[PDB]
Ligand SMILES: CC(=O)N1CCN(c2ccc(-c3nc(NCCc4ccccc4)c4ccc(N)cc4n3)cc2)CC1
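Below you'll find only one chain, the form deposited without the ligand, shown as structure tokens.
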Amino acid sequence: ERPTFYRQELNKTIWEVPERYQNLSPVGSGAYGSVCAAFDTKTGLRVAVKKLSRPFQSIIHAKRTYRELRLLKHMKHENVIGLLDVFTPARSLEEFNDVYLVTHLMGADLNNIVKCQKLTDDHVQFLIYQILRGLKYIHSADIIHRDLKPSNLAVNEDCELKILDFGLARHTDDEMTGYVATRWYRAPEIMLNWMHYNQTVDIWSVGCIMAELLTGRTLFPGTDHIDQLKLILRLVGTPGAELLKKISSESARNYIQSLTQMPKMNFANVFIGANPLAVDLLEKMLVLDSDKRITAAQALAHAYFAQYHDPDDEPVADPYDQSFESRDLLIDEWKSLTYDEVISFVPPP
């Protein structure tokens, strides 16, 4: 049953959405798509509506649109962005050219929180608990966020948290250059392309975020990739032979070996006054060798979270088939796959 759609121009972009969505108001714009806040009269929810930008413009864009839609349709967890609705005004595959994604409206991110509020140790426990709870879920489906930073973590007035803006495409080189938050939370192996990276890249970002919640300050605010690596090695120590061997990039390996060796610092002397259990956890997250970092499931059982940990309420995700990542398809094939996923969507309760 096709709802009735209505048309409006919001910032020289035409929005064609079902009647249920009212009071559309531009809230953001990028190469990803334009975003509007709206009121969903059907559910009574304040929602964010994203209009994808030229979703089927190239093979790469079509595959990306399919990827984003597949990912959002899968994620069903309190601490992870989920999909309330997806629609298109198209009546057939032949006229299908726009995809609109509907989610909860977020308002505030953790960037806003860290800047404008005093976070007690109890707040840090709760906020980091939820991130790890969501990441246990995401990682259980072999999904890596890759881009966790405070601006990608929405927090409501009750300090309730959702993970959003999954890394879906390489940032440009320019975007990662210089004194920029876009790089400060990245694991060094991914920042410098040391090796085939894994899901603990996300645990590294959690360590950086947790530290910032505790001190109110960026942990590794490098002025460039190399300055940042130096900030990192100063804290955690220069790599040993065992990690060196795992750096498959001969060039990177040769560079790190040029550095004066440095021991890991005392974290109690960096995080002065912090809960000793918070310090212990940071030590387990901020490990250079990604093989040896604590995982999300392991971290949830750490004594730091004794107050919030409930092993019966830390769910894993349904299996997630990402074999499409391996296919080279034509635009029209990606578009048809995307169409199927739009028309098969079932809203949550």
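Numbering starts at 1 and follows the sequence shown. Whichever C-alpha set is largest while still superposing within 1.5 Å between the two forms counts as the rigid core.
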Quiz item: For residue 267, does the count of other compared entries lacking it reach at least a third?
Solution: no
Quiz prompt | Absent coordinates for residue 165 in a third or more of other compared entries | solution = no
Practice problem: With reference to the PDB entry, specify whether the mean Cα temperature factor is higher for 167 to 175 or for 79 to 87. | Solution: 167 to 175
Quiz item: Which is higher in the entry, the mean Cα B factor of 242 to 250 or that of 112 to 120?
Solution: 112 to 120
Self-check item: Ranked C-alpha temperature factor of residue 60 among modelled chain residues, by third
Solution: highest
Practice problem: Classify residue 39 as lowest, middle or highest third according to the C-alpha B-factor given in the PDB entry, relative to its own chain. | Solution: lowest
Quiz item: Thinking about Cα B factors across the chain, which third does residue 126 belong to?
Solution: lowest
Quiz item: Relative to the other modelled residues in the chain, which third contains the C-alpha temperature factor of residue 24: lowest, middle or highest?
Solution: lowest
Quiz item: Should residue 333 be placed in the lowest, middle or highest third of its chain by the C-alpha B factor in the entry?
Solution: lowest
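The form deposited with the ligand bound exists for this protein as well; it is not shown, and the discussion that follows is about that form.
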Quiz prompt | Open or blocked, the ligand overlaid from its pose in the entry with it bound onto this form, 2.4 Å backbone/C-beta test | solution = blocked
Quiz item: Could you tell me if residue 251 has a non-hydrogen atom within 4.5 Å of the ligand in the entry with it bound?
Solution: yes
Self-check item: the ligand contact at residue 53 in the entry with it bound, heavy atom, 4.5 Å
Solution: no
Quiz item: Hey, in the entry with it bound, is residue 97 touching the ligand, heavy atoms inside 4.5 Å?
Solution: no
Quiz item: Does residue 223 reach the ligand in the entry with it bound, with heavy atoms at most 4.5 Å apart?
Solution: no
Quiz item: Among the candidate residues 247, 127, 141, 235, which is the single one with a non-hydrogen atom no more than 4.5 Å from the ligand in the entry with it bound?
Solution: 247
Quiz item: Which among 275 to 283, 210 to 218, 236 to 244, 262 to 270 is in contact with the ligand in the entry with it bound, heavy atoms within 4.5 angstroms?
Solution: 236 to 244
Exercise. Output the sequence-ordered list of residues from 263 to 293 with at least one heavy atom within 4.5 Å of the ligand in the entry with it bound.
Key: 288, 289, 290, 291
Exercise. Fix the rigid core, compare C-alpha positions between the shown form and the other one, and report which of 90, 244, 265, 277 shifts by 2 Å or more.
Key: 244
Quiz item: Rigid core fitted, then: does residue 253 show a CA shift of 2 angstroms or greater between the shown form and the other one?
Solution: yes
